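[1] before the rest arrives, take these chain(s) from the complex:
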Amino acid sequence: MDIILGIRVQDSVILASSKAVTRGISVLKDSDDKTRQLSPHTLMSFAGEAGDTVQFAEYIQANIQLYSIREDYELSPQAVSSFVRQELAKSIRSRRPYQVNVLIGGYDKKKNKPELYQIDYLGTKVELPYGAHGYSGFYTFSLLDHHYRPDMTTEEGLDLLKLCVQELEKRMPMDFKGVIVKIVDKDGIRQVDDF
Amino acid sequence: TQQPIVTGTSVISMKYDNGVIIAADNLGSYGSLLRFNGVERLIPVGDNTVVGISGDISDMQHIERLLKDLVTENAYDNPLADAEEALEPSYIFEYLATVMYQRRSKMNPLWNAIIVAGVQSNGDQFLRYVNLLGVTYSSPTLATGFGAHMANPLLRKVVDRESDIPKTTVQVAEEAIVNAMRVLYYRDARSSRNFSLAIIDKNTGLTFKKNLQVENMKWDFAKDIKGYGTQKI
Amino acid sequence: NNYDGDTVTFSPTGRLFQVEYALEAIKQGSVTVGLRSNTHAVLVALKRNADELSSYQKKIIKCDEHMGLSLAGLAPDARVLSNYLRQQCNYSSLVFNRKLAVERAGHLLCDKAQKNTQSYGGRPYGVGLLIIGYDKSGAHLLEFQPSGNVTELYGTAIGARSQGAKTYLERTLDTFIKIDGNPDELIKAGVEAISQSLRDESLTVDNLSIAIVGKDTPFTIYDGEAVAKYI
Amino acid sequence: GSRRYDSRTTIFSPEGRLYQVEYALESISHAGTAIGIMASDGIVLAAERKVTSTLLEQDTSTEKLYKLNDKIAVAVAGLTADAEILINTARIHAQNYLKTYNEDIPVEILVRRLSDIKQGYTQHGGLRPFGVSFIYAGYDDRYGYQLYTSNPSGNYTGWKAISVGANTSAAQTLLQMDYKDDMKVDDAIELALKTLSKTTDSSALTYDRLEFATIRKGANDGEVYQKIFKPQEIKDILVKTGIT
C-alpha cells in the first residue's frame, strides 16, 4: 500500500506521499518522491502498479507542459484534472489499462482558491476538502472527519497531517518509511524538508 | 486447434533390396464407430512415389488435393515433366514436411501422420515420416499409430539395420508386411480386414494392390477358453 | 515521340518506346560473353573502369552453387534481379529440397520484368543478363532482355560491340560444343570469343572476369591473377 | 496515366505565391461583404446577403452568420457549402475541448485549429483549398472580446474592426476613419450599418438584404449573450440609425 494523502485548507493544498519502494520481500528505496509537477501551481501525486505509475505521471506532465508552451498560459486545476480523468477513463477500456490512482493538488490563480481532486484508475473524479487512495483512507478519512475546518491555516493543516501519519505508523502493518510533504499555494510548489 | 473426427489408423512400410513397400487398411473410423469401409489411404504421386496417410481423413483429402495440384504445377512449362524434371519422392516429402511444420506453427495443424515411400532417380530407396508436429525421421522400417508399437518390431526382425536391406528380397518383405497387417487386425480395435498395399521397385516400377484381405487367421483355440479363472464348464 | 512518356503507352505502330529505351541502356554497357558445352557452361565478362584510379565494375553475380549470371546495363537493376533469383533458387531448395531448373529460372525473370512494362508509375528494368547453370538436364545458357524475352542458347554475347563475339561463336558452334571434360579449353574459346569485340584496349589482369559451372564444378568466379593463365 | 490531368493545386509560382490560394481569394472578393467591429462592451457582426429575391424565405434563411458555440460566432464570405464543412468541424472541435478540459474553448485555439486545416489543403493532398474567409467574433475569460479573420491560405490575424468579401478596400478605409477605441456596441452597430450602406453595390440597403448579430455582456450579470437578429429586428435598427 503506497500511502498518498491530500488536504485542502484555507489558502493551500498539502500532499503527503510515502517514501518506501518495496519490491517483494525487500525495501529497495526509502527516499522515493511519488509526485510530479504538472505546472507551476499544479502538483500530482500517484500510487498503483510498478512502472505504470511513473510512466503515466510523466506522460501527463509532458502533455500539460506542451499545452503551457503552446498557449503561453497555465491550465486551471479543474481543467488539468478533467484531462487526467479522461486519460484514465480512456485507459480502463484499453488492451492493458494504466493501474494508477492519483491526487491532483492545485491553486487556481483566477479564483484565488486551493483545489484538491481525487481520481482513481477507473477515471472516477471527485473534488474534496481532504482525500486518500488505497488503505490509507480507512484510517485517515474518519480522523479528518473529526479534525478538519475549511478556514484552517497551512500550519494547522500540517499538524492535522502529522496526526494522520502518526495513526498510519501505529496501525498499518507495512513500514512505508515516512512521507514527503509538499505544499501548493499562490506562490507555487514547495517541499517541507523536515517532517 | 481442432480435434480429429473421421480417422485412419496405422500405415506401415519397409525397405527391401530393390525398393520399398507400404500398406494401410481401408477404414475411416468415427470414434468407436467403424463408419466408412472403402477409404483409400495410399495415394500415388507419379509412378515413383506413394504417400501413406493416417489420422484425420478430411485433412487427408486436403493433402490429396495438394499433391494432385503439385503434379499439375510441375508440368507447367516443363518439357521434361515425364523424365529428368519429374517429381521425386524427396521433393514431395519436403513439400509436405514444410506444410506440416508451418501449420503446427500457426496452431492449426493437419491432424495426420504421413509416410512417403518411393524410389529416387538414381534407384535409391526413399522412406521418410512426417506428422502434425512437423517432426521428421527416416528408418529402414516406418509405421504410424499402432503399427509403430506392433509392426515395427516384426519388420525390424527382417531389416534390423541398413546392411540388412540388400539381403532382403521383395517376397520376404511383402510377407512381413502382410503378416504385420494381420497382427494389427487381431489387436487394433480401429482396424479393418480389408487393406491396400503398394510396392515401388527400381526395376518393375509401381505395383498398386487393392482389395487385399487378412487371411490364415488363428481363432480355433478360442473354443477351449472358458470363463475368466475358475469356470470349468 | 508522343508515345514514350511512360511504359503504359503503345505507339501507333504497336511499339513500347520506354522498353526500347531500356534496351538501349544494355547496348551502352560493357561486353560480356556466354557459351557452353555438354559438361560445362562459361561466362566471360569485360569489366569497365571509371578511370585509372578506379576499380573495374564487377559484371558477374553468383545466384546459387549451380547457377549465376553476368550483367550489362544498369548494375543496380541486376542486383535487384539477381537477388530475386537467389530467393527463388533458395525457395526451391528449402521447400522442395530441389535445385531450381535454369529454364524455370528464366521463366521467373521473364514474368517479373513483364509486370513493370504493363503498369503505370513503374519503369522497365535497364539491364540485360546472361544466366548460366548446370541442373538435372545438363549445362544451360540463357539470355535475358528487360522486355521480358528470355532465350536458351548454345552461346551468345550482349553489350557494346557484342556482334563481333556473337559471329565468332556462330562460326565456332560445332567446335566449342564438343569441348567436354576440359574446362580450360572452353574458357580459352570464351576468351577468344570476347576478343573479337575489343577495340584499342586489350585483356589485362584486372580487366578480365571469368566464371564457370559444370558437372563436378560449383559456380565459381575468377578475377585478378587467377585469369592471368588465360591472357 | 493519371498525371496528365493533375492540376497540381499545392505548388509555388516562380514568384513564390500559391496559385490556388490567390485564385480562391479572387473568388471571395466577389462574395457579399461581411463586417466585424469590436467594442469595449461587445462585438458586432454585420453582413450583406447577395442579390436576393422577394420569394426568398428570409426568416428561416442563413447564409452569412453562423453559431459555433454559445460564446463564439462567425461571419462567412465565399462558398457557403465550403464554409458549412469547416463550421461543423469547428463546432466539433469546441465540444472536444469542452469534454476534455471541462471549460469552454478559448477563441484563438478554435481559430488556430480551423486555420491549420485550411493550411493543410495548401501544402499536401492535391485537393483544392476551401474558398472561404471567416470573421470570428467571440469571448473568453482570458482576452475578453476578440475579432479574428482567416482566409484560404490558413493565415489568421486579430482585429479591432475588419471586413471581408467585396469592397474590403473601401470598407476598411471607412472603418479606419470613424473607429475609436472607447467605442460602445450601440455606436458600433451604427458604424457597421453605415459602412455597408456606402460600400454596397445595391441601390439601397434594406432589412431583407442583411444578416446581423451582436455578442454582448448585456446579459443579466457576468455572462455573455449571442443575439442573431430577426428580420423585423433588423428593420427596426435600420429605422433607429436613420438609414431607412
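    The structure has been received and is ready for your questions. Numbering: from 1, shown residues only, chains lettered A, B, ... in the order given.
[2] CA atoms for contacts and neighbours, from now on please.
    Will do.
[3] What are the contacting residues of the helix or strand hosting residue B:149?
    Element membership for residue B:149 (DSSP states H and E) is helix B:146-155. For helix B:146-155, the external contacting residues (CA atoms under 8 Å, 6 or more residues apart in numbering or on different chains) are B:9-12, B:14, B:141-143, B:176-177, B:180-181, B:183-184, B:188.
[4] buried stuff in it?
    B:146, B:147, B:150, B:151, B:152, B:154, B:155 (16 or more other CA atoms under 10 Å in any protein chain shown).
[5] Keep only those of the contacts of helix B:146-155 that are in strands.
    Using DSSP state E, the subset of these located in strands is B:11, B:12, B:14, B:141, B:142, B:143.
[6] Pipe the residues you listed into CSV and attach neighbour count and distance to residue A:134 per row.
    Below are the ones in strands among the contacts of helix B:146-155 laid out as CSV (neighbours: other CA atoms under 10 Å in any protein chain shown; distance: CA to CA, whole Å):
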residue, neighbour count, distance to residue A:134
B:11, 28, 65
B:12, 28, 67
B:14, 29, 71
B:141, 26, 68
B:142, 25, 65
B:143, 26, 64
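[7] Could you list which of those residues also contact chain D?
    Near chain D, judged by CA under 8 Å from any CA of the partner chain, there are no entries from the ones in strands among the contacts of helix B:146-155.
[8] For chain D, which residue gets nearest to chain B?
    Chain D approaches chain B most closely through residue D:1 (33.7 Å), counting by CA to the nearest CA.
[9] nearest residue to that residue other than its sequence neighbours?
    Closest residue to residue D:1 apart from its sequence neighbours, by CA to CA, 6 or more residues apart in numbering or on different chains: residue C:120 at 6.1 Å.
[10] residues in contact with the residue nearest to residue D:112 when sequence neighbours are not counted?
    Nearest non-adjacent residue to residue D:112, counting by CA to CA, 6+ apart: residue D:156, 7.5 Å away. Contact analysis of residue D:156 by CA under 8 Å, 6+ apart lists D:111, D:112, D:115, D:148, D:149, D:150.
[11] likewise residue B:104?
    Contacts for residue B:104 (CA under 8 Å, 6+ apart) come out as B:110, B:132, B:133, B:134.
[12] Among the contacts of residue D:156, which one sits closest to chain A?
    Set against chain A, the nearest of the contacts of residue D:156 by CA to the nearest CA is residue D:112 (10.9 Å).
[13] Pull the number of nearby residues for residue C:201.
    Neighbour count for residue C:201, taken as other CA atoms under 10 Å in any protein chain shown: 8.
[14] Which secondary structure state does it sit in?
    coil (DSSP: H, G, I helix; E, B strand; the rest coil).
[15] next one: the one 5 residues further on
    When states are read from three-state DSSP, the local structure at residue C:206 comes out as coil.
[16] and chain E, same structure:
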Amino acid sequence: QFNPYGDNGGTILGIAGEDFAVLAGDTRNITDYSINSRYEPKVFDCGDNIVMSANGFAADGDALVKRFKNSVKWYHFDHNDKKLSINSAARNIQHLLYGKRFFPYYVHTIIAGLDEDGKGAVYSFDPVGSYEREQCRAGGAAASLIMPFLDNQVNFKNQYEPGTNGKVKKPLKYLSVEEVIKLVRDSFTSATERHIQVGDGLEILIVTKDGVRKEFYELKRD
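    Let me add chain E to what's already shown:
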C-alpha cells in the same frame, strides 16, 4: 487441446581442444517409449568449418539448423564470400532463437569449431538465445549424467595432487583429440546404460584447420 511441442530425446556433447573441437550426438530418435529411428543424424556440418546441433524437439531443431545454414549462405552473398567466424555465428543464432522468444524453439543448441586464433571453440545456447563460450558442454536428455563427469575428467574439478592433501590442485594439462574421443565414447556408453532415450549409435564430428571429419561408433540398442 493441441500441444505444438514434443520430445524426441537424444543427447549431445561438445568438447573444445587446443587446436580442434568435437561435437558428438547419439543417433536415436524417440517419442515416449517408442523408437522412431536408430540412425537419424543430429549433428550437422553447416559450412565455414562450423558444426551445429539443436537437441530436444526435432521439428524445432531441424528448422533452426535449416535457418542457420541459410544464414551462412546469405552471409556469403551479402559480404563478399567472407568466412563466418564462430563468434559471429553464435551471435546470429542468438537472434534466431530470441526472435521466437514468445513461441520458443524448444531445443538445446550447441555449435563447435575454431575461433579466429585457430583455437578450439564450443558455444552453448538456451532455448530463447542466451549463449556462452565454454570449453565443455553436454546437452539434451542425459546432460545431467554427463556434465558432472566432464567437470571431473576435463576440468579436473575436485581433483588435487597426492601428498599435498587438498592444498595444490591438479594442473590443467591440455587434452589431445585421441584423449577427448575416449571421454566422449565413455560418456555416451555410460549415458546409454542409465538413460532409456540414449543408445543405438554415436556420431562424432571433429573440426580442425584441415576441415570436418566424422567418426561413428555403435551403442547398445535396448
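[17] back to the contacts of residue B:104, now that we've got chain E?
    Counting by CA under 8 Å, 6+ apart, residue B:104 touches B:110, B:132, B:133, B:134, E:4.
[18] repeat that with 10 Å
    Applying CA atoms under 10 Å, 6 or more residues apart in numbering or on different chains to residue B:104 gives the contacts B:1, B:110, B:111, B:131, B:132, B:133, B:134, E:2, E:3, E:4, E:5.
[19] Residue D:147 and residue D:107, how far apart?
    Distance of residue D:147 to residue D:107, given as CA to CA, to the nearest Å: 9 Å.
[20] Between those two, which contacts overlap?
    What both residue D:147 and residue D:107 touch, as defined by CA under 10 Å, 6+ apart, is the set D:72, D:136, D:137, D:138, D:139.
[21] how distant is the host helix or strand of the third one from the center of its chain?
    When secondary structure is defined using DSSP H and E, the element that contains residue D:137 is strand D:132-140. Strand D:132-140 sits 6 Å away from the centroid of its parent chain (CA atoms, centre = their mean, to the nearest Å).
[22] Going by residue numbers, what spans are helices in the chain?
    I went with chain A, as the question did not name one. With DSSP state H as the criterion, chain A has helices at A:52-71, A:77-91, A:136-147, A:154-171.
[23] ah, no, chain B please
    Assigned by DSSP H, chain B shows helices spanning B:57-75, B:89-105, B:146-155, B:170-187.
[24] Let me see the contact set for residue D:123.
    Residue D:123 sits next to D:9, D:10, D:11, D:12, D:18, D:129, D:153 when contact means CA under 10 Å, 6+ apart.
[25] likewise residue A:107?
    Contacts for residue A:107 (CA under 10 Å, 6+ apart) come out as A:8, A:11-13, A:40-43, A:76-78, A:113-116, A:184-189.
[26] Just list whatever residues bridge to it.
    Note on residue A:107: beta-bridge partners by DSSP bridges are residue A:114.
[27] one step back: could you point out which of the helices of chain A sits nearest chain D?
    helix A:77-91 (4.3 Å).
[28] who does the closest one touch, helix- and strand-wise?
    Packing partners of helix A:77-91 (3 or more CA pairs under 10 Å, 6 or more residues apart in numbering or on different chains; DSSP states H and E): strand A:35-39, strand A:42-48, helix A:52-71, strand A:100-108, strand A:113-119, strand A:125-127, helix D:80-101.
[29] CA atoms of the fourth one as PDB?
    What it means is strand A:100-108. Output of strand A:100-108 as PDB, limited to C-alpha atoms (Å, rounded to 0.1, in the frame of the first residue of the first chain):
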ATOM      1  CA  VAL A 100      -2.700   4.200 -11.400                       C
ATOM      2  CA  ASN A 101      -4.500   6.200  -8.700                       C
ATOM      3  CA  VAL A 102      -3.800   9.900  -8.400                       C
ATOM      4  CA  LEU A 103      -4.400  13.100  -6.300                       C
ATOM      5  CA  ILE A 104      -4.200  16.400  -8.000                       C
ATOM      6  CA  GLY A 105      -3.500  19.400  -5.700                       C
ATOM      7  CA  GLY A 106      -3.600  22.800  -7.300                       C
ATOM      8  CA  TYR A 107      -4.000  26.500  -6.600                       C
ATOM      9  CA  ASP A 108      -6.400  28.300  -9.000                       C
END
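[30] here's chain F, add it to the model above:
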Amino acid sequence: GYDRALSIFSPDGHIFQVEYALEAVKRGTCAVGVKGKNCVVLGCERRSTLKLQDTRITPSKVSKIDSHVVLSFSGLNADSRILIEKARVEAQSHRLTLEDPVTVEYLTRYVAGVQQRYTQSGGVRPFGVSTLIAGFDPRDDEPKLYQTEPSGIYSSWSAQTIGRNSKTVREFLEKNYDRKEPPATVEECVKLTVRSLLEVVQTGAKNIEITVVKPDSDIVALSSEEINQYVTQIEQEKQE
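    One more chain to add, chain F, which I have set with the ones above:
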C-alpha cells in the same frame, strides 16, 4: 493517397519547388538574429500596411519552443505554425526520454530535418519558411544562433538576417559585427539589432519587435516604449 512528386530535379540540376519556396521567404517580413557575449537578440519586422490591428491577440512573430529556446521566421505564416508545433512536441518528447531539455543545435537539426523531408516526399510541397532558432543549452552560458531554410540545410551564425531586404541588413551586420569582440552587454546587442532593422523598416514605431533571450531560461519581450527609446537614441547620435 496523393503521391505526386512535386519537388523534382530539372535539367540544370535544380529543384525549382525548393527554390520557389525561398522566393516566398524573400517576400516575408524581415527577421534578424544577433548574439552577444552573454545573450542573443531576435529582431522582427512588422509591416505597417495593417493598422486597426489588435496587437494583444495577433500572433507574435517570435515563438517559444521551450523555456530556453525561441524560434522566429520569415515566409508563409501558416506554414510556420506547423514547424513550431512539431518543434514544441519534439522538445517535450526529448525531455521525456532523455531527461534533459534539447540543445539548440538538436532542435535546429530536427526542424531542418522536417523541412528536408518535405523536399523529397510525395504529394507535399516544401515549407515556404526560413527560421532563426536561438537560445542557450542546458547548464551552458554560451549563446547559440542557428538558421534553417526550405532545402533543409542548417548552420550556426554569429549574426544573421532573413526575409525581405535581408541583403541590406546582412550588408550592415557584416561591417558592424566584430567576432573578436561581440556585443558585451544586453544594451549593446539590442542596439545593434535595432540599428540593423532601421536600415530597412521605415518608421521605428510599432514596426520593430525585439525579444531578448538570456541564459537559464530568461526570455523577455521588449515593449513599444522600451524599443522607442533605442530608436530615439540611435537617430540623435546619427545627427552628427
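[31] The contacts of residue D:156 again please, chain F included this time.
    For residue D:156, the contacting residues are D:108, D:111-112, D:114-116, D:133-135, D:148-150, F:58-59, F:77-78, by CA under 10 Å, 6+ apart.
[32] out of those, who's nearest residue B:64?
    Checking these against residue B:64 with CA to CA, the nearest one is residue D:116 at 61.5 Å.
[33] Pretty sure the closest one sits against residue F:81.
    Yes. Assessed by CA atoms under 10 Å, residue D:116 is found in contact with residue F:81 at 8.0 Å.
[34] who touches both of those two?
    With CA under 10 Å, 6+ apart as the test, residue D:116 and residue F:81 both reach D:154, D:155.
[35] Relative to the whole chain's centre, how far out is stretch C:18-35?
    Relative to its chain's centre, stretch C:18-35 lies at 10 Å (CA atoms, centre = their mean).
[36] For chain D, which segments count as helices?
    Under DSSP H, chain D gives helices at D:19-28, D:80-101, D:107-123, D:168-178, D:185-199, D:231-241.
[37] is the second one up against chain F anywhere?
    Right, helix D:80-101. No. Remark: helix D:80-101 sits outside contact range of chain F, by CA under 10 Å from any CA of the partner chain, the gap being at least 17.0 Å.
[38] circling back: out of the contacts of residue D:156, who's nearest residue E:24?
    For the contacts of residue D:156, the nearest to residue E:24 is residue D:116 (69.6 Å; CA to CA).
[39] residues touching that closest one, list them.
    Going by CA under 10 Å, 6+ apart, residue D:116 touches D:110, D:150, D:153, D:154, D:155, D:156, F:78, F:79, F:81, F:82.
[40] got it, and residue D:206?
    Residues in contact with residue D:206 (CA under 10 Å, 6+ apart) are D:48, D:197, D:234, D:235, D:238, D:243, D:244.
[41] Check whether the strand holding residue D:137 comes close enough to chain A to count as a contact.
    No. Against chain A, strand D:132-140 shows no contacts by CA under 10 Å from any CA, the least distance being 13.2 Å.
[42] ok, that strand: who's next to it in the sheet?
    Each strand paired with strand D:132-140, and its direction, by DSSP bridges: strand D:72-78 (antiparallel), strand D:144-150 (antiparallel).
[43] Report the distance from stretch F:172-186 to the chain centre.
    Counting by CA atoms, centre = their mean, stretch F:172-186 is centred 18 Å from the centre of its parent chain.
[44] Stretch B:131-138 too?
    Put simply, stretch B:131-138 sits 14 Å off its chain's centre (CA atoms, centre = their mean).
[45] same deal with stretch D:204-224?
    Computed by CA atoms, centre = their mean, the chain-centroid distance of stretch D:204-224 equals 14 Å.
[46] same thing with stretch A:40-58?
    Chain-centre distance of stretch A:40-58: 9 Å, with CA atoms, centre = their mean.
[47] So which of the strands paired with strand D:132-140 is the most surrounded?
    Burial among the strands paired with strand D:132-140, expressed as mean neighbours by mean count of other CA atoms under 10 Å in any protein chain shown, is greatest for strand D:72-78, which shows a mean of 27.
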